[PDB]
Undergrad: 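Dropping the structure in here first, questions after.
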Amino acid sequence: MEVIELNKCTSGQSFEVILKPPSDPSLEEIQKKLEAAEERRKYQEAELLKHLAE
Amino acid sequence: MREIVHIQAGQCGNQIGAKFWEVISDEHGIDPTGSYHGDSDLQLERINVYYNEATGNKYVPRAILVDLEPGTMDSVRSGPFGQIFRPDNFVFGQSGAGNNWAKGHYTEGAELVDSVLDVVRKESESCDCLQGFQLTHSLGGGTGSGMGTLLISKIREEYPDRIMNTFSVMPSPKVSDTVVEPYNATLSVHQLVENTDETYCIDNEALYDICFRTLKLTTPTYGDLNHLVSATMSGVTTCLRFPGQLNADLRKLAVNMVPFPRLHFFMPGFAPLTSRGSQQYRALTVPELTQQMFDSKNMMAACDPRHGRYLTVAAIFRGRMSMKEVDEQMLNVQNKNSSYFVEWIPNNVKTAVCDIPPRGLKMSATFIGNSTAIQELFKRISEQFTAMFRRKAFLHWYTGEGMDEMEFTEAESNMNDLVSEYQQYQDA
Amino acid sequence: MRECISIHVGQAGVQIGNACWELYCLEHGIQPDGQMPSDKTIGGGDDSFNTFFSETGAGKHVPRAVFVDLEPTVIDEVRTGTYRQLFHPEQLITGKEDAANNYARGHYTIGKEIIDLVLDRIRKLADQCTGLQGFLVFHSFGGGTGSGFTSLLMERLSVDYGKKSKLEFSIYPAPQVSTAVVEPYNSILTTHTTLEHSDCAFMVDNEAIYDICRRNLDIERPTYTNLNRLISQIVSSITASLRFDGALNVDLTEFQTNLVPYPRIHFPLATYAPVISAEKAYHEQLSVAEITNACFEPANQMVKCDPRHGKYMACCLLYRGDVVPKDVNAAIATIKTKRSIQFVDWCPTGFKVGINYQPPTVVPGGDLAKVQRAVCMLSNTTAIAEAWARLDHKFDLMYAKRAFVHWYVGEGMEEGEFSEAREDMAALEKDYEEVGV
Amino acid sequence: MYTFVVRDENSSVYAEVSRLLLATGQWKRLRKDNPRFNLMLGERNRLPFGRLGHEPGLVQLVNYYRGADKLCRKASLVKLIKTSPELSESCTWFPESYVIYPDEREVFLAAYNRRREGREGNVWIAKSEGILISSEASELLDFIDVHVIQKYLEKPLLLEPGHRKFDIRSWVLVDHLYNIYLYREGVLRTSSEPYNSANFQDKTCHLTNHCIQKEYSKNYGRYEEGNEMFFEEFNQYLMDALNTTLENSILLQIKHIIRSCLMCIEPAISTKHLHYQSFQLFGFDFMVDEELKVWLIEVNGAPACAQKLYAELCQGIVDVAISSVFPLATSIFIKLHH
Ligand SMILES: C=C(C)[C@@H]1NC(=O)[C@@H](NC)[C@@H](O)c2cc(Cl)c(O)c(c2)O[C@](C)(CC)[C@@H](C(=O)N2CC=C[C@H]2C(=O)N/C(C(=O)N/C(=C/C(=O)O)C(=O)O)=C(\C)CC)NC1=O
Ligand SMILES: Nc1nc2c(ncn2[C@@H]2O[C@H](COP(=O)(O)OP(=O)(O)OP(=O)(O)O)[C@@H](O)[C@H]2O)c(=O)[nH]1
Ligand SMILES: Nc1ncnc2c1ncn2[C@@H]1O[C@H](COP(=O)(O)OP(=O)(O)CP(=O)(O)O)[C@@H](O)[C@H]1O
Ligand SMILES: Nc1nc2c(ncn2[C@@H]2O[C@H](COP(=O)(O)OP(=O)(O)O)[C@@H](O)[C@H]2O)c(=O)[nH]1
Ligand SMILES: [Ca+2]
Ligand SMILES: [Ca+2]
Ligand SMILES: [Ca+2]
Ligand SMILES: [Cl-]
Ligand SMILES: [Mg+2]
Ligand SMILES: [Mg+2]
Ligand SMILES: [Mg+2]
C-alpha cells in the first residue's frame, strides 16, 4: 500500500492510500408542464361545478 | 390550513353538536363565559382551529346552528354553554321537517338554506386559511338529513377546494320507530358518497348495544347515547386541536385515510367505554387501551371488523404514558392480526399520542378505521330500504314534495354500488 | 474561497438545517447573536468558514441559508428561537397552506405559486457570492413539500445556475416515524424528477438513525430532536472539508469527482463511528483501528444494507480528532484481511483519507458523548440499491391497485407520471445490478 | 404465536418443515406476499434479501444464506477454492478442476499434457444430463460449445458384491450463530451396474445419480433398496471387508472438508451482526477413492432428503435452526467446532 498526495496544515492532514491498482429542460418547458397541470385542475373543477349546477 | 367552520343541523345534529362544544371547551379551558381559565398553554396553541377570538380575550366557537324548528336550538340556548354561541349564528325556521328528507332538501330547507350560507360566508371570509367544514346531523330525520346534505352540496359549490367532513348519525330501529328513516338515510348516503371527503359513521345501533350490553343500561337515554358520541368526537378531533405530527389537519387526514374517493366512511372506536358520571377509578394500561380500542364491542358502527379488512387506521392515545409501550402494543396488534390489514397498503396504521387526556380519564384511546366491514352498515340500511321500496310504501310523503320514484332508485343503486366497491377491495 | 448556499425545504429540511447551523456555530465559535470573537477580519474576509457564513459591518456572521416550507409552524419557531438573530427575515420563506403529504400538490399546485419568490430570495444570496460553487439541498422524501417542491426547485436551479453543482441530504422514509402512507409514492416521484439535477445525494434512512439512537444512545423512543442532532453530526463531518483548512473535498466539484464516477449512481453510503451516550458512566475510548473497523458494520450505516454483496466504486474516510496517517493505514491493512471489500474492476481498490485534528463538537445537554476521535466513511457501494428495492416494492403494491392515486391526479398530475417515475427507478435498479454483480 | 411464509412450493424439505411448524399449534402461515412474518422459507432464485430485517417489532429469520451460492454452483466453487488461501490451489481434497467458457482454457492444456507427458491417467469429466467423461481433450472442448472440467476419479472405492461405484451425501445445517451441524445419518448413492474401465460413454455405471439409476440402469434396486445404503450398513461393510470404520476411514475427512468450506466463506455470509438472520441446509457430495481418501465433488444449496430420514432431519431443522430463534412452550447432529 502506497501513501500518495499527502498534504499537511495546522488543522489536519490529508492523503490517499491505494491497496491495489485498477484491475436540462428550459424555463419554458417547465412553465409549460406547470400550466398544463393547472388547467387540468381547472377543467376538473369546472366539470364539478357544471355537475353541481345541474 | 387553520380554521374549521362547524355546522350543526336538526335535532340530533344540535344535541350532539352542543355536547361536542361543551366537551372540547372544557378541554381547552373555555367556560360558558367564553373566557380562558386554564393552566397548560397547549390548550391555546391551536385554539384558533375551532374558536374565533374576540377583543375581551373571549373565545367564540366558529359554530353555526341550523334547524327548521326552533325547539331544540332554544334548548341549546338555555343549556350549559348555550351562551357561548354567537347569537347571529342561530339560523332557524318554524315549519319543522316532519322527519321528511324531501322537506329538508327540496322545499322547507330550500326556503332557509341561503340565510345559512350567509352566516357560513361571514365566518368563512374572516379566516386566515380555512381548511374546510364539519357538519353534525342524523341521517334518519328530515332537517339534519335532507337540509344537511343540501347545505353540503351548496358549500361544495362555493368552496370546491375545501375539505368537507361529517359526523353522521345512522338510524337504528332499536331506538327509532319512525318508519321512513331508511328512506331518509339512503337518500343522505347517496349525497355523502358524492360530496364529502370524510364521514364518521356514528351508528345508533352500536350506541344502543354498547349502552345496554356493556354499560348495563337497560333504558339508554339520548344523553347516554351522546356521552359516547362526545367522547368519540373529542378523540377523533384531537389531532386537529392540539400540537402534533399526524393527521393534524383535515386534508392530511383525508390523504392518510381515503385510498379511493368514495370509500371515505370511517368506523370510530373508543376505550375505555364509560357511562355518564361513572366512577372509573382504575386507569387503563397501554395494553388494555390497545386491545379494547380494536375490539368490536368498542366500535361506534355496528360492524364486525373480522368480517372485512382495514384499508387505513389512525390510532390516537391520550394521556401520559410510554410512547415506547404504545409503539410495541400497536406493532403487536398488526403483527398478530396481520391478515385483517390489506397487504397492498403497506404500513396503513398511523399512531398519534397527545399528553392531555379527556376529562375524567387519565388514559384513553380513540380508533378511526377505514374497514371494508362498514359495508355491513350500508347493507342493513339497504335491506330496510328495499323492504318498503319494493312495495313503494310511504312514498307519497316524498312524491308530494315533488320528488320522483327514480331519485329513490338512483339513491339505492349508488349505495348498493358503494357496498360492492367495499367487497371488491376486501378480496385482494 | 468559493461560497456554498444551503437550502432547507419542508419540515424535515428545516429542522435538520436547524441542528446543522447550531452545530456549525459551535464548531466555529460563532455565538447565537452571530458574533465571532475569533474572526479578526471584522466586516468581511474570505477564510474557509466564509464558505458558509457572510459578514455584516457590525460583525455578524450570517448563514448562507434559505429556509422554505409551505406552512409556517416550523420556520416560525426558527424566527422566534435561539438563533432568531442569526437569520435575516428575507431568508425564512413560508406559505400558509402545505402540500398535505401530496407530491403533486407541492410540485404542481402550491409549487407553481411560490417557486419564483424562492428563486428571488436565493438570487439575493448568490449576488453576495464572489464565486458561488453551488448548493446543498436538505429535504425529506416523504413530505409533500420536501418531495414535490424540492424537485421543482432543483429543475429551476439547473436553469438559473447551469454550471453550479448541486448536492442533496435526503431523508428516506421510515414507518417508525413517518406521517403518511403515500411516502413511497412521493419518494419515487421526487427521485425521478430530481435525478438528472443532482450531482451527489446523501441518503439518510430514518430507520437506521432511529435504531442507532435506541441501541447506542439508550433512547427508548427517539424524537426528531434525537434523530436530527445525530444527522447534523454526520452532515457536519461531510461538509467540514468545505469550512476548514484542508486538501480533500475542498469544493463541491470534488465530491462528484471523488465519490460519483457514474452520474446516475450518485448516492454514497455514509457510515459513522463512534456513537456514545453522554449519560454513559464508564466509556473506554475507541482506537483508530476500532472506529475504522466499525465503518464496515451495517449497524453504523445511515442506510441498513450489506456492502459485502455489492461492489465499491469509491471510498473516503473522514476523521475528526486524534488521528495520524500511520494508524489509519495499519487499520486499513488489518481490516482488508478480515473483511469483504471488493471494488469494481475499473476502479483502484483504495481510500481517500482526510483528517481534521479537532474532535467532534457536541451540543451541551445533548445525547452524544464527546469522544477522542471519530470517523465518517463515504463509500459508493452498489449495496445502497437495496433501499431502492424496498421503496420500489412498496410503490408497486399500492400502485397496482391505484390506491391514493386520485389525490395526485386531482392536483393536475397525470397517472402516467407515476409509471414514468417507476420505470426510471427500474432502470436505476438495473444500473446498480450491472455495476455490482 | 409466530408467523411464517412459504415461497418455495417445490421444496420437499421445507414442505415437511411447514407441516411440523403448524402442528406445534404456535406457528401460523401467512400468504406469500405478507411481510409481517418471523420466518421466510424462501424461493430458490432472486430471493429478496434486501427486504428482510426492515419490519419493526419482528425478528426475521430466513432459510438461505445470501452469498452461499459461491459454494454451491459448479464454476464458482472452483474459483472459490483456487483463489482462497484457506483452501488454496494446494488443496488435497478437491479434484483438480478448470473453468471453461464456450478463463482457464490454456491453463488446462498444460496440465493435460504434463500427465500424458508423464505416463499418467488422463480421464476427465465435464460438468455444469449434459454430462460427458472422456480421455480426449478434443472431445470435451468438442462438447463445451459455462462448464467445469475436472479429474475423473479413475480408481474409486468399489463395493463388493457388485464392483459398484457410489458417492456419499452429507446433510449439513448451519444456524444463525454459524454453528455447523452435521446430520448423523448420511446416505450412500450407489451404482446398480458394475464399474468399468473401458465403457466411458456407457454412463450407466460412471454416474451414481439416483435419477439415472432408477430406470436408466438395468440392475436397479438389486443390492439395496433405492440404491440407498445407510451408514449402519456401510460401516459394517467397512468393518467386515476393510477392518476399519466409517468414522476413522471417511467421516473425519468429511468433517474436515465441511468445516473448511463453511469457515472460508463465513466472513462473507455470516449474519451475526445483521438486521435479519439466516440459516441454511446444504447437501455435501463426496467421492471415496480406493485408498479410503475422501474427495468433494460439489455442494448443493437446495437439497432433498432421503425418504427414510425426512421426518428426523426436518425435526432437527425446526429444533436447531428455527426454535433456536423462536422458542416454544441425544442430538441428531454432530457439531463441527471452529
Ligand atoms: C317507551 C319510550 C318512551 C321509548 N321507547 C321506544 O321508543 C321503544 N319502542 C320499541 C324503543 O324504540 C326504545 C327502547 C329503549 Cl330501551 C330505548 O332506550 C329507546 C328506545 O331509547 C330512547 C329513544 C332514547 C335513546 C328512549 C328515550 O327517549 N328515553 C329513555 C329515557 C328518557 C328518554 C330520553 O332520553 N329523553 C331525552 C333525554 O335526554 N333523557 C335523559 C334522561 C336522564 O337524565 O337519564 C338524559 O340523559 O338527559 C331526550 C328526548 C333528549 C333531550 N325512548 C324510549 O324509551
Ligand atoms: N430525520 C427527520 N425526519 C423528518 C423530520 N421531519 C419530518 N421527517 C420525515 O420526513 C417525512 C415527512 O416529511 P416532512 O418534512 O414532514 O413533510 P413536508 O416537507 O413539510 O411536506 P408537507 O408538510 O406535506 O407540506 C417523514 O418520513 C418524516 O418522518 C425531521 O425533523 N427529522
Ligand atoms: N470427478 C469425478 N470422478 C468420478 N466420478 C464423478 C466425478 N464427478 C462426478 N462423478 C459422478 O457423477 C455424479 C454426478 O455428478 P455431479 O457432481 O454433476 O452431480 P450433479 O450435481 O450433476 C447431480 P446432484 O447435484 O443432484 O448430485 C457423481 O455423483 C458421481 O457419481
Ligand atoms: N345518537 C343520537 N341520535 C339522535 C339524537 N336525536 C335524534 N337522533 C336520531 O336521529 C334520527 C331522527 O332525526 P332528527 O335529528 O331527530 O330529525 P331532524 O331534526 O329532522 O334532523 C333518529 O334516528 C333518532 O334516533 C341524539 O341526540 N343522539
Ligand atoms: Ca313557506
Ligand atoms: Ca472575517
Ligand atoms: Ca446540472
Ligand atoms: Cl452558472
Ligand atoms: Mg341572499
Ligand atoms: Mg326528530
Ligand atoms: Mg410539512
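Counting convention: from 1, in listed order, for ligands and their atoms alike. The chains referred to below are lettered A, B, ... by the order of the sequence lines, with proteins before strands, and numbering in each begins at 1. We use all heavy atoms of the structure for the numbers below, so side chains are in, but hydrogens, waters and symmetry mates are not.
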Undergrad: Taking only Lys NZ, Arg NE, NH1 and NH2, and the carboxylate oxygens of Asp or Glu, determine whether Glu421(B) and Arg262(B) approach each other closer than 4.0 Å.
TA: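 Salt bridge present between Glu421(B) and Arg262(B).
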
Undergrad: Begin with the C-alpha distance, continue with both residues' side-chain angles, and end with the deciding distance and a verdict on salt bridge (charged side-chain N to carboxylate O under 4.0 Å, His left out) for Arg380(B) and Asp203(B).
TA: CA-CA 11 Å; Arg380(B) 194 179 85 226; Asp203(B) 192 349; 2.9 Å; yes

Undergrad: So, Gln375(B) and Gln426(B): side-chain donor and acceptor under 3.5 Å apart, yes or no?
TA: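 Checked: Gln375(B)/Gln426(B) side chains pair up, N/O donor to acceptor below 3.5 Å.
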
Undergrad: With a 3.5 Å cut-off and no angle check, do the side chains of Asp417(B) and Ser420(B) form a donor-acceptor pair?
TA: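 Result is no, nothing qualifies.
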
Undergrad: To which of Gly13(B), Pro220(B), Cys12(B), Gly142(B) does the heavy atom nearest atom 4 (C) of ligand 4 belong?
TA: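 Among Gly13(B), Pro220(B), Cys12(B), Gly142(B), the closest heavy atom to atom 4 (C) of ligand 4 comes from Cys12(B).
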
Undergrad: Side chain, backbone, both or neither: which applies to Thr178(B) and ligand 4 if a contact is any heavy-atom pair less than 4.0 Å apart?
TA: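 It is neither part, as no heavy atom is under 4.0 Å.
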
Undergrad: Report yes if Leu225(B) has an N/O atom closer than 3.5 Å to an N/O atom of ligand 4; otherwise report no.
TA: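 The answer is no, given that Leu225(B) and ligand 4 share no N or O pair closer than 3.5 Å.
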
Undergrad: Say whether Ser176(B), considering both its backbone and side-chain N or O atoms, lies within less than 3.5 Å of an N or O atom on ligand 4.
TA: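 No, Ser176(B) has no N/O under 3.5 Å of an N/O on ligand 4.
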
Undergrad: Just to be sure I read this right, does ligand 4 sit under 4.0 Å from the backbone of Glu181(B), its side chain, both, or neither, counting only heavy atoms?
TA: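 Near ligand 4, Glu181(B) shows its side chain, while the N, CA, C and O stay back.
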
Undergrad: Classify the side-chain pair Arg309(B)/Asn370(B) by whether it contains a donor and acceptor separated by less than 3.5 Å.
TA: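 No.
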
Undergrad: Can you confirm, on distance only, whether ligand 4 has an N/O atom lying under 3.5 Å from any N/O atom belonging to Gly10(B)?
TA: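 N/O-N/O distance below 3.5 Å does not exist for this pair.
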
Undergrad: Using the ring-ring contact (aromatic ring centres under 6.0 Å, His included) definition, which of the options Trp101(B), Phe394(B), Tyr183(B) pairs with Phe408(B)?
TA: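 Of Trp101(B), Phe394(B), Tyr183(B), ring-ring contact (aromatic ring centres under 6.0 Å, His included) with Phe408(B) is met by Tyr183(B) alone.
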
Undergrad: Using a plain distance cutoff, I'd like to know if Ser172(B) has any nitrogen or oxygen under 3.5 Å from a nitrogen or oxygen of ligand 4.
TA: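 Checking ligand 4 against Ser172(B), no N or O pair falls under 3.5 Å apart.
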
Undergrad: Within the structure, does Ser138(B) bring an N/O atom to less than 3.5 angstrom of an N/O atom in ligand 4?
TA: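 Among all N and O atoms of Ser138(B), at least one is under 3.5 Å from an N or O of ligand 4.
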
Undergrad: If hydrogens are left out, which of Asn226(B), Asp177(B), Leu139(B), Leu207(B) has an atom nearest to atom 2 (C) of ligand 4, that is, the closest non-hydrogen atom?
TA: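 Among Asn226(B), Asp177(B), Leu139(B), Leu207(B), the closest heavy atom to atom 2 (C) of ligand 4 comes from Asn226(B).
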
Undergrad: Compare every heavy atom of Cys303(B) with every heavy atom of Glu376(B), then report the nearest pair and how far apart it is.
TA: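 Closest pair (atom of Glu376(B), atom of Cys303(B), distance): OE1-CA, 3.3 Å.
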
Undergrad: Between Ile202(B) and ligand 4, which part of the residue brings a heavy atom under 4.0 Å of the ligand: side chain, backbone, both or neither?
TA: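 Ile202(B) to ligand 4: no contact under 4.0 Å from either part.
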
Undergrad: With only distance considered, is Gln11(B) within less than 3.5 Å of ligand 4 through an N or O on each side?
TA: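 Right, the criterion is met.
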
Undergrad: Report yes if some N/O of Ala97(B) lies less than 3.5 Å from some N/O of ligand 4; otherwise report no.
TA: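 There is no such contact.
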
Undergrad: Roughly how far apart are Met415(B) CE and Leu192(B) CG, rounded to 0.5 Å?
TA: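 The CE atom of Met415(B) sits 11.0 Å away from the CG atom of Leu192(B).
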
Undergrad: May I ask you to check if ligand 4 and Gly144(B) share an N or O to N or O distance below 3.5 Å?
TA: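 There is such a contact, yes.
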
Undergrad: I'd like the name of whichever of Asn204(B), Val169(B), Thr221(B) reaches closest to atom 1 (N) of ligand 4 through any heavy atom.
TA: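 Selected option, by shortest heavy-atom distance: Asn204(B).
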
